[PDB]
Each structure stands twice: as C-alpha cells, then as structure tokens.
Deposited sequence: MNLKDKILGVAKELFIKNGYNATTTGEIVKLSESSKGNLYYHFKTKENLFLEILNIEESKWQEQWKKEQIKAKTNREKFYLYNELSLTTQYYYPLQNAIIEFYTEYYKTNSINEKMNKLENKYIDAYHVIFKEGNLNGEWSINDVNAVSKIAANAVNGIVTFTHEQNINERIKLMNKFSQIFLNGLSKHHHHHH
C-alpha cells in the first residue's frame, strides 16, 4: 500500500495525472495490477487519497508553523513563504488542476479547495478582529490571495528558491498594502 502511495505521488508530481499509468506505478512499486486494485480500486481513488493525505499533512504543518508569526500580517507573509518550500500539497497543483479539468460530481475535491482557502480566511478574519486591517468580503479576499499565491508558487518552479521567496514577499507586501 505505502510503496504505491509514495511512488504514485512522485510520478504525479513529476509527470502529472495523465502521464502516470497504473502500469508505471506497478513496475516501480514492486506490486501487481491487482495489488493496486482492492487497496485503491482505481487510479482516481489512489490520487484522491494522495490529495487527502497531502492536505492533512499541509494543514498539520501549518498548525505548527503559524505560532512563529505573532500578528496575522506576519502569518500571511509566513504562509506564503512556506507554500514555496513545503513538500506538501503545493507540489501536486499541476496534477490537481489536470485531474480537476477532467473529472462527475468526486467533485463534492471542493472540500479540498475550501480547506486550502480556509487558512487565509482565518488569517483575514482574525486580522479584522485584531484591527490589522478592514476587510468586508473576507471570503473573496481569501480566494483571491490563495489562488494568486498558488500561481506564484506553481508558475515559478524553474527559479532559485531565494529569488522565489523574494518575489513572494514583495507580493505579500503589495497585497497587504492594497487592503489599506
């Protein structure tokens, strides 16, 4: 089970959903095509299970890291820097978008997105309560921030990590200064 999950995740990250075949998982995970079945049934269910684990791991990791930022302003900076460095969830976004632009309401996938946006919602709601900013539509600002940061993460993979952190911090500064 655990060899199929690890190799699957890696191939999905490296090649996306379509280019990863159950045969290719079978060959590199030392297990039968019927071994993948029963444990996972289908390629889709294996991927969705990988996403469940990834988003739980990401959410665990953020629970621990957010104590390090005292203000919600600092938490926005921190969360966005961590999205670039984390091994969890963010590395799969290209596989996730592809899977999303193919699959049949499994879409009920939207509770995976709402979780990923909810970190910003807490940040922005709590910042509202602690007088750090005034935001009337937190739901909208949360979605905008999350998807914007996701674009900065996902579309700058080619680059040096220090420069990516520098671009991201400038984004965070512009964005927060724009809530003024």
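Practice item. Pop the missing stretches of the deposited sequence into a list, counting residues from 1 and keeping sequence order. Key: Going by the record, the segments left unmodelled (no C-alpha atoms) fall at 1 to 3, 107 to 108, 111, 115, 188 to 194.
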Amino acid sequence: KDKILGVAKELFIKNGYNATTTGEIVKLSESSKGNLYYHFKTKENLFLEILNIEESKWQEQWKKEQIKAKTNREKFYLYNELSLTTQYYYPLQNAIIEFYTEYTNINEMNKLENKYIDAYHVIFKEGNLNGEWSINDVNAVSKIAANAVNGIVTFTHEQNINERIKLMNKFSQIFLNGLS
From here on, numbers count along this sequence of modelled residues.
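Exercise for review: Could you settle it for me: does 80 to 88 or 94 to 102 have the higher average Cα B factor in the PDB entry?
Suggested key: 94 to 102 has the higher mean C-alpha B-factor.
Review point. Looking only at CA atoms, which has the higher mean B factor in the entry: 23 to 31 or 52 to 60?
Key: Per the PDB entry, the higher value belongs to 23 to 31.
Practice item. Choose from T42, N150, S134, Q66 the residue with the greatest Cα B-factor as stated in the PDB record. Key: If I rank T42, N150, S134, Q66 by C-alpha B-factor, first place goes to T42.
Check your understanding: Taking the Cα B-factors listed in the entry, which of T154, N128, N114, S142 comes out highest?
Key -> Answer, based on the entry's C-alpha B-factors: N114.
Exercise for review: Place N169 in the lowest, middle or highest third of its chain's C-alpha B-factors, as listed in the PDB entry.
Suggested key: Tercile = lowest for this residue's CA B-factor.
Review point. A146's Cα B-factor: lowest, middle or highest third of the chain?
Key: According to the entry, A146 has a C-alpha B-factor in the chain's lowest third.
Check your understanding: In terms of the chain's CA B-factor thirds, is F47 lowest, middle or highest?
Key -> Middle third - that is where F47 ends up once the chain's C-alpha B-factors are sorted.
Practice item. Sorting the chain's modelled residues by C-alpha B-factor, tell me whether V122 ends up in the lowest, middle or highest third. Key: Lowest third - that is where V122 ends up once the chain's C-alpha B-factors are sorted.
Review point. What third of its chain's C-alpha B-factors does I4 belong to: lowest, middle or highest?
Key: Highest third, going by the recorded CA B-factors of the chain.
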